[PDB]
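Atoms within each ligand, like the ligands themselves, are counted from 1 in listed order. Quick note: numbers below take in every heavy atom, side chains included, and nothing from hydrogens, waters or symmetry partners. Each chain gets a letter, A, B and so on, in the order its sequence line appears, and its residues count up from 1.
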There are 2 protein chains.
Amino acid sequence: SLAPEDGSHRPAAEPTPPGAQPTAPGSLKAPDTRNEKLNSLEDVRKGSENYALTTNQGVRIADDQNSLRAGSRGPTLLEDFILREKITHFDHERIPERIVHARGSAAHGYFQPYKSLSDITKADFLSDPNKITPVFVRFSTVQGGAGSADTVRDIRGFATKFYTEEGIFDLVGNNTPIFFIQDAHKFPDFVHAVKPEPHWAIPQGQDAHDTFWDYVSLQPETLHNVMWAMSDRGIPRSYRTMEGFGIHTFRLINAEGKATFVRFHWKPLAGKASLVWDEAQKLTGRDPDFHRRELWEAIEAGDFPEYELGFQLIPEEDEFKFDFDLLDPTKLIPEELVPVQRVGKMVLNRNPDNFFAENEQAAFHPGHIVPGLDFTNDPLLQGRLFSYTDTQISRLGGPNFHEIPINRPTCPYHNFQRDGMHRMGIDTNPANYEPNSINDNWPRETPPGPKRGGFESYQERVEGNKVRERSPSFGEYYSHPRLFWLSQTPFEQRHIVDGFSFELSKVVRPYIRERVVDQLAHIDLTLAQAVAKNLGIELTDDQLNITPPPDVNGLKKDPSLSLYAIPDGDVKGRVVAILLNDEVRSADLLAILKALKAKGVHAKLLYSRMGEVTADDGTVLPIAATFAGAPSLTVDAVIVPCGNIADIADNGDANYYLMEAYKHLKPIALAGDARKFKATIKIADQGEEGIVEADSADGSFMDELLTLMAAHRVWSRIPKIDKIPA
Amino acid sequence: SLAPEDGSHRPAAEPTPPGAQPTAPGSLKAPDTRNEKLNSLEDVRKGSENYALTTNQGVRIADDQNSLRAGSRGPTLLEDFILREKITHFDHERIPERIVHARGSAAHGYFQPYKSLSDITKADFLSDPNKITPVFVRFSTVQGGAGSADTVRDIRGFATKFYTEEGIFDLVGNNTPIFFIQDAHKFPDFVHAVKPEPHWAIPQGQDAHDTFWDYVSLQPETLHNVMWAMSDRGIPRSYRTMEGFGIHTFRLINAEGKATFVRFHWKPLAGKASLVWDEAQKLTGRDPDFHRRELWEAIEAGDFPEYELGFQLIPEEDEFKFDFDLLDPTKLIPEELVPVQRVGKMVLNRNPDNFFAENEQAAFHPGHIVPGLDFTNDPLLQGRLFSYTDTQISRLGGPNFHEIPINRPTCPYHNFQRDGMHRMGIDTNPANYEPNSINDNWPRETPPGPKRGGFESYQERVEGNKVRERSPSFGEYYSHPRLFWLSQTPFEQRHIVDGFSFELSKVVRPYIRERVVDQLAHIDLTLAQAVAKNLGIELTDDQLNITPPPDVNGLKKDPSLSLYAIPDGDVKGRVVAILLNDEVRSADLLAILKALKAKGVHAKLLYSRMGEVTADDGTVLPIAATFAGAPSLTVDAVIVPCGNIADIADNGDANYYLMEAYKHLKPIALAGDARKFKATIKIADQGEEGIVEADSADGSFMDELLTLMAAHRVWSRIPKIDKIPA
Ligand code: HDD
Ligand code: HDD
């Protein structure tokens, strides 16, 4: 018995806030959170407590500390089969990572529609507001390996496996509404250009290098998603605070056989929020697991990630009514033209038990659809359909990857397919072919119908010659980038310009930077000029004279394309650093902590060392982390309570904490003599918007602080931060 | 033609300093740098210029921009074999990464001994000072994935493949002279404990988590290598500036059959140097590829990494003469007891062409020895011999991994082994077995002898019963950690305290922190007290009374265990940041660059934007990076030349660049009016050792700066940095 006698090794099996208890496998942390998929995994869940340690063949091991040798200082013997089994399993633990989105974090949850959608689709999982469908969702970055950092600038994946009663449906989306390229034949080129360069394998998790911008400069179709990635969309605060999109136009098919075109959306109920670049980049060093950690801890705290599924629906007869082609995945459908109709809610409420078994081995593929859905001729979607089945043959070791437990349907599956590596199902059917008489032709085909019918493809008319040709309706590259640019606030536009400027500064061949700037001048001259000024490049008179691309269907902006133009803040689940001193005003700390708790905001008590400090009144304050150990990068706001401020006033870490939080536009609140830190951040005596200050933490101090947190960051501080040495 | 007309897309094929040209594949950057192994890869090197783009079956492609479809807006057709080949190859690009040391950076080079070693070994590669052996070297971290960062705190691997005339010898070592564990049976336990925890797969590239410290606390044999990892050895400045060690005692066998015990060492001819923790951690975010990049760029510059191979030799009759067991890999052999004899020099002088083909697929294994070497019964080495052949069957896809080009011997290899996946060699032998008469028994066994003989194991006597038992002589755990502690300078000791304090602050379960401090009390009470104080732990009276462990064979210290106690600085290949302004004094820059060039130190010119600035005399200066884009983390020292200092005096990033460099103990040199930056880092008028200042940058100013850079960091400044907010 090596556990502490007080039982403190084991986290409580109840919701607890971030940092309050060690994290644990979901079935131990939250044994009563169930759904039909979680329950179906019980056949493979393995416990440990009270069991003997064995080999994989069930033989009990007596001494798991030593190899078998001839003499206690002698050579290891070949006959040690316990050693060799254990080292062999170790030696073959790794499987190939995903070719793209190798870095990702996943959770289980459930989805339910708000009302039946039978009028527009026969998909069973959308047929009844009381039908609950379990989900497994993985969120990811794109470029970096499985061991890369989370808060890089990149697109994010947002992949949802719906375990429906009529089959698995995987909605395999990203967090921006378009992709970089038009036709899947170019996917290896694009991916190779953004991935680490092939001679030296640098850089990891960064588009900031020559080959990515070379390809962008040569393929202007890429510019629209490049605009999104260079905005603060590329650096989300959390997977809970980003949008999701299926990108492609798909079809819904109802029981009468009518097709409606659809694009899929996820709206985050926590709101949209992103980091700023300097914070994101520094956070990749201070905590490369920050998004993975934040998702796991939100679920352990009960701050369940919630998202609303929504559809943009366009009738078949309106296919050609826009200035862009609906089948072109580099174009978005502005919500001002086609609104998102709310469909249902997804809540992620339990972590996995074992990351490798459930996250690493999960296989999502957008070809996994169900009756009631269908594809379109989008030429990027069409090639995706080939890739996601083919890649699993190496990644997951063969054609039986649907028998890996996380991938299994919860509905029935029966067919004539047999064998393959790793075959788990032992088929008893006398027949392995159809048509057969020897088993009365079972299992049997099922005609299509309104419910529980076979899959039949929508009978779309095809007419044309066999060509490798891009549709001319796809040959427009700048109007969507411009619509995105004009829809952003002034501070978002600044962050875009700073994104392009920072990334192009890392491109060693200057002509590439020049070619990118020339493309920017086809989108918007103000953008192009601002980036050029940061790169020391002067636009030519020709460039100054490029006419801007047209409006998109009459629109000159669409505010739903901005993260921040329309307030959607939610403070629940956010966190505040509280910088302690060795004699904290206890009345301040009571008021601060209860106000935060009332709004579901978490706190971390920080000091210059671990252990405890004692408040003016004798209250013992346990310390969560030191100032350097939990930097301001990891919090949303900073509060400094009154007390003995001299204890920390000359602490360089405490001062720099406030300087970093101030640079990154975070709300900062200072009570009583903590206002002596105004000099560290150069705040005027009469104060400034974004800094809460008062004689004590009472009255409206915490409400003012919370109001600032609901607006996420103090954008008005931006011109004040250039001078700050931080 | 898409290339620029000026040819500026292609780097010069001559040695160039870091940043001067885009980096390139080895064979294009240094086509005239050759060795027998590099030449032998010519059968598989493939160029590209002037060749048509084809499928892998050699069919020319006309249109590599589009899939084949039925009409230009129609569905993709299954008969598009060009698209499916291209996407199939992409879909199967990844192979499993190495179970441990998945993150590593490699280069080609050559070794030669200083004199023949035939008196102590018959190994051919050590027989003649003028017989050169090609090598391929891979340096690595241990815990993190292939996409993790370089400048983590961790042990580093240092693996050298020697392509000898009598077979491949792989010397598969680390940068510390011992390992964490004694018997290979525990390796999966220890690796699992240090790797990301299994529920949530956090943390990447960090031992700072509960499971690793839980295992440490329960297995005191780990503490010696834990001391090394928590010292600045854990955060080297470059792979050029760390030591290498084979760890285990092996044998040398001479022609007369005499066995000598040997432990292997690499001495870096660039000297020993490490980062400091705050700089290393922030560097993992600002450039997670810093060591990979620095190695590739040093080779491109001609700053070839050089290492001296060294042997500690112990006669067979002296096996039991020390107070530790020579076969225990948690024990080092102090160089005060047994000196390192210099054996030869290895120079790494060409980077690979393709990182995946040559680095990712290289297989090193310490069981690849040659005649003249042999193993010992060290129980960690004994089990390593099983693992490195086993693991390549999944990582490299089967038993023909020696036919992957980088792994091929350059000497002859012929045997009766056949088939296996991706069999390259087509054997013409009518026989695939021996003994055979049908091929007159070829290829034939060869008796052992003085040179070119068959391998025979040294006939060590084995006497003992079949037991799984640890030798009692291995059961001592604190004397080597203590010798290490006592051998460090006071600043190195402070860094060890800080590393333990930082790491244990991240362990959520307090009793684990407590148990590790109790282990530290068994090593040294001053260490244990200093760590306990940072964790808010008070040692008990019993802990204060633990008797220190014995000296190691009478030693109270061995200064060879310190990075810094004996000077061995070499400035060649280091880099300085020069912070420009828009009217630089050309006379300063002349003097600066002259003095740097004389000592082989590179410069990077930084400014507040990219493009160019013009100096006082009209010299146009191209800017390498912005102050934010290439932070002080990435350089060894900072120079600020005179000129229009008002241009940059209030620039936040320029002032922060100096505060960060100052915190991290780097030399800083300020010329003329640049001395106004003294205020930012609170230097008094009379100046401070470590800050060079004069009216202009002259010979004297540069000599002083260069002398500082030879001492690597300004340790005496440590007391002054606690108060700097940076
Ligand atoms: C033709 C190839 C191809 C193209 C054009 C795309 N992808 Fe893809 N995608 C892959 C081929 C691929 C892949 C090779 O099949 C991956 C990696 C391994 C896997 O299981 O699937 C994958 C993984 C993958 C994942 C991670 C799923 C997971 O968590 O395991 C997401 C979220 C996306 N992709 C999303 C997209 C979106 C939104 C695209 C454009 C609209 C896109 N993919 C285009
Ligand atoms: C019994 C298992 C075992 C044990 C006890 C060790 N290793 Fe090991 N090592 C492996 C099993 C392994 C491995 C699983 O076989 C690896 C990874 C995959 C590969 O090709 O080899 C490996 C890789 C590996 C590499 C990377 C080689 C490369 O760059 O590809 C280095 C430098 C070391 N090890 C060094 C050590 C040292 C110095 C050890 C202690 C003295 C040690 N290993 C103990």
Fill in: Candidate with minimal heavy-atom separation from atom 30 (O) of ligand 2, of B/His101, B/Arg98, B/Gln361
B/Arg98

Worksheet entry | Under-4.0 Å salt bridge between A/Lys331 and A/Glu221 | no

Worksheet entry | Atoms in ligand 2 with a heavy atom of B/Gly157 nearer than 4.0 Å | 32 (C)

Discussion item. I'd like to know if B/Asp80 pairs up with A/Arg468 as an ion pair, taking the criterion as any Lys NZ or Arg NE/NH1/NH2 lying under 4.0 Å from an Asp or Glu carboxylate oxygen.
Written reply: yes

Worksheet item: Identify the closest protein heavy atom to atom 20 (O) of ligand 2: which residue and atom is it, and at what distance?
Response: B/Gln392 OE1, 3.0 Å

Worksheet item: So which protein heavy atom does atom 18 (C) of ligand 2 come closest to, and at what separation?
Response: B/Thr391 CG2, 3.8 Å

Response to the item:
For atom 34 (N) of ligand 2, the closest protein heavy atom turns out to be B/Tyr388 OH, 2.9 Å

Worksheet item: In the protein, what heavy atom is nearest to atom 11 (C) of ligand 1, and what distance, to one decimal place, separates them?
Response: A/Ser387 OG, 3.2 Å

Item to complete: Answer yes or no: is there a donor N or O on one side and an acceptor on the other, between the side chain of B/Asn407 and the main chain of B/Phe401, under 3.5 Å?
Response: yes

Practice prompt. Give the atoms of ligand 2, by number and element, whose distance to some non-hydrogen atom of B/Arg395 is under 4.0 Å.
Written response: 20 (O)

Practice prompt. Check whether the ring centres of A/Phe187 and B/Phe90 lie less than 6.0 Å apart, and answer yes or no.
Written response: yes

Discussion item. Using a 6.0 Å distance limit plus a 45 degree cone around the ring axis, check whether A/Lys161 lies over the aromatic ring of A/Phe136.
Written reply: no

Worksheet, complete the sentence: The atoms of ligand 1 lying under 4.0 Å from a heavy atom of A/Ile247, numbered in the order shown, are 38 (C), 41 (C)

Worksheet item: Quick one: which ligand 2 atoms are inside 4.0 Å of a heavy atom on B/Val172?
Response: 31 (C), 32 (C), 33 (C), 35 (C), 38 (C)

Practice prompt. With atom 28 (C) of ligand 1 as the reference point, say which of A/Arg384, A/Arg138, A/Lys186 has the nearest heavy atom.
Written response: A/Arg138

Practice prompt. Of the side chain and backbone of B/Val100, name the one, both, or neither that has a heavy atom under 4.0 Å from an atom of ligand 2.
Written response: both

Practice prompt. Specify the protein heavy atom at minimum distance from atom 2 (C) of ligand 2: its residue, its atom name, and the distance to 0.1 Å.
Written response: B/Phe187 CD2, 3.4 Å

Worksheet item: So, do B/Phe324 and B/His480 have ring centers that fall under 6.0 Å from each other?
Response: yes

Discussion item. Using a 4.0 Å cut-off to any heavy atom of B/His248, which atoms of ligand 2 qualify?
Written reply: 41 (C)

Worksheet entry | Short side-chain to backbone donor-acceptor contact, A/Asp378 and A/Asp328, under 3.5 Å | no

Worksheet item: Looking at atom 5 (C) of ligand 1, what's its closest protein heavy atom, distance included?
Response: A/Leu380 CD1, 3.4 Å

Discussion item. Is any side-chain heavy atom of A/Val152 closer than 4.5 Å to one of A/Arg103?
Written reply: no

Worksheet, complete the sentence: Taking only non-hydrogen atoms of B/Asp91 and a 4.0 Å limit, the atoms of ligand 1 in range are 14 (C)

Worksheet item: Are A/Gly104 and ligand 1 in contact, using a heavy-atom cut-off of under 4.0 Å?
Response: no

Worksheet item: So, does A/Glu97 use its side chain to make a donor-acceptor pair with the main chain of A/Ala146 at under 3.5 Å?
Response: yes

Practice prompt. Could you tell me the separation between the NE2 atom of A/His291 and the CG atom of A/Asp150, rounded to the nearest 0.5 Å?
Written response: 6.5 Å

Response to the item:
atom 27 (C) of ligand 2 has as its nearest protein heavy atom B/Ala159 CB, 3.9 Å

Discussion item. To check your reading of the model: name the closest protein heavy atom to atom 40 (C) of ligand 2, its residue, and the distance in Å.
Written reply: B/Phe179 CG, 3.6 Å

Worksheet, complete the sentence: closest protein heavy atom to atom 32 (C) of ligand 2 is B/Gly173 O, 3.2 Å

Worksheet item: Pick from A/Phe162, A/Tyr307, A/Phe250, A/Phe245: which one makes a ring pair (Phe, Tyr, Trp, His ring centres under 6.0 Å) with A/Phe264?
Response: A/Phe250

Fill in: SB check B/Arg233 B/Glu243 (cutoff 4.0 Å)
yes

